[PDB]
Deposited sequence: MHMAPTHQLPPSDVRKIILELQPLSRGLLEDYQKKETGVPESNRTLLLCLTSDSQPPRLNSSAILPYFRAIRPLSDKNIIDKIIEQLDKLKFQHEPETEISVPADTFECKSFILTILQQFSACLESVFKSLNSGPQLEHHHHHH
């Protein structure tokens, strides 16, 4: 479990910082999207969001993230179907909030361990 956190952390940090550098004027969504814990890390609550933004992001990093989180998922656990905002500004806020909360979850879980 510490192993998956450490594998994911550079991927998450890079995705967030690259978005902060490339995207200008992204509004605050004020939404909670990712549920960090279940109490173990909550792959089934986090995974659908990454599946939903895969076409909008770096598919290669996303695929690595998904492969890591799949290892922390019960096969029986169902995944919510995610609604990605269609409006361009809402869609960037949606992506940005996912990256922020994923970063925060891993940092939180790491302090736990």
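Where are the gaps relative to the deposited sequence?
-> Going by the record, the segments left unmodelled (no C-alpha atoms) fall at 1 to 13, 52 to 56, 132 to 144.
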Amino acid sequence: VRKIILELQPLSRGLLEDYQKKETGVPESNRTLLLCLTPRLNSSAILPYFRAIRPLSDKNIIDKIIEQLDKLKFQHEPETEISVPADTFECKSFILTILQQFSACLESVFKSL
From here on, numbers count along this sequence of modelled residues.
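For the stretches 41 to 49 and 70 to 78, which has the higher mean C-alpha B-factor as given in the deposited record?
-> Here the higher of the two C-alpha B-factor means belongs to 70 to 78.
Using the B-factors recorded in the PDB entry, average over the C-alpha atoms of 56 to 64 and of 22 to 30, then report which stretch comes out higher.
-> Comparing 56 to 64 with 22 to 30, the higher average CA B-factor belongs to 56 to 64.
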